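Quick notes on the structure that follows.
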Amino acid sequence: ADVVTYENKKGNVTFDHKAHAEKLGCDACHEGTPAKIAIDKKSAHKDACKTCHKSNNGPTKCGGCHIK
Ligand code: HEC
Ligand code: HEC
Ligand code: HEC
């Protein structure tokens with residue numbers, strides 16, 4: 001899709017898949033080939049979502065992703 005969300009317990013995490021794609025390229029997330037990714041709590045918080053954004057914008061605590 002162009003937008004997805006992980007409907008997680010906290011507050012659903014929107015991700016403008018398309019946006020990230022056209023803004024960045026593809027490489028950004030899908031090096032070899034896309035076959036899903038399945039970015040969970042661990043991945044997301046560790047080194048996927050909540051690593052990239054550091055140098056781009058400052059979501060300090062939360063809210064950045066979880067719409068809650
Ligand atoms: C990181 C911010 C991403 C960018 C940039 C792109 N994609 Fe992506 N993609 C990403 C995630 C986290 C997911 C998985 C969602 C899940 O359910 O696990 C995906 C998924 C895809 C898929 C699979 C869709 C499906 O029906 O399962 C495809 C085919 C895909 N992505 C392709 C794709 C392309 C072509 C992009 C660059 C041009 C692109 N993605 C960017 C994360 C990210
Ligand atoms: C984007 C950079 C994020 C920010 C900002 C925060 N979180 Fe997050 N979180 C994110 C994703 C993509 C996911 C995936 C959902 C999953 O469970 O795999 C998560 C997940 C969590 C979870 C687990 C929720 C569940 O349903 O089990 C927790 C407990 C969580 N996140 C907490 C949390 C808090 C407290 C934040 C501020 C400190 C926060 N998240 C920010 C993406 C992002
Ligand atoms: C680094 C290449 C990125 C990865 C990997 C992820 N995101 Fe991202 N995100 C990135 C940028 C450059 C931006 C800002 C775009 C702009 O126009 O300036 C964003 C923005 C978001 C947003 C909005 C946050 C805001 O500042 O308003 C969301 C909701 C978001 N990103 C979610 C998200 C998730 C959950 C990711 C892991 C699956 C993720 N992003 C990865 C760059 C990058």
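In the structure tokens, each chain is lettered A, B, ... as it comes, each chain's residues begin at 1, and ligands are numbered from 1 in order of appearance.
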
- What residues have any atom no more than 6 Å from ligand 3 when counting only C-alpha atoms and all ligand atoms, and can you list them as number ranges by chain? A: 13-15, 28-29, 39, 44, 48-49, 52-53, 56-57, 64-65

- Task: List all protein, DNA and RNA residues that have an atom no more than 7 Å from any atom of ligand 1, counting only C-alpha atoms and all ligand atoms, and report them as a list in words.
- Result: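 Going residue by residue within 7 Å of ligand 1, we get residues 1, 17, 18, 20, 21, 22, 24, 25, 26, 27, 28, 29, 30, 34, 35, 36, 37, 38 and 39 of chain A.
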
Can I get the selection written as a compact mmCIF listing (two decimals), in the first residue's frame, with C-alpha atoms?
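result.txt, written as the output of this step:
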# COMPACT_ATOMS: atom_id res chain seq x y z
CA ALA A 1 0.00 0.00 0.00
CA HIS A 17 5.13 3.70 2.97
CA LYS A 18 4.80 5.53 -0.38
CA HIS A 20 9.11 7.29 2.62
CA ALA A 21 9.57 5.52 -0.73
CA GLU A 22 9.35 8.61 -3.00
CA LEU A 24 14.00 8.46 0.15
CA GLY A 25 14.05 5.91 -2.71
CA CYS A 26 13.48 2.28 -1.60
CA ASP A 27 17.01 1.28 -0.63
CA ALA A 28 16.27 3.06 2.65
CA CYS A 29 14.30 0.01 3.86
CA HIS A 30 14.43 -2.62 1.05
CA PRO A 34 10.87 -6.20 -0.76
CA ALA A 35 9.09 -9.27 0.67
CA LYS A 36 7.35 -7.50 3.50
CA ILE A 37 9.64 -6.49 6.36
CA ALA A 38 7.44 -6.88 9.46
CA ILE A 39 8.76 -4.04 11.60

- Note on the structure: In Å and to one decimal, atom 14 (C, counted along the ligand's line) of ligand 2 is distant from CA of residue 8 in chain A by 6.1 Å

- Query: Can you tell me how far atom 33 (C, counted along the ligand's line) of ligand 2 sits from CA of residue 31 in chain A, in Å to one decimal?
  - Reply: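 Those two atoms sit 26.5 Å apart.
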
- Computed interatomic separation between CA of residue 23 in chain A and atom 29 (C, counted along the ligand's line) of ligand 2 (Å): 28.1 Å

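Running DSSP on the backbone and keeping only alpha helix (DSSP H), the residues of chain A that qualify are residues 17, 18, 19, 20, 21, 22, 23, 24, 41, 42, 43, 44, 45, 46, 47, 49, 50, 51 and 52 of chain A.
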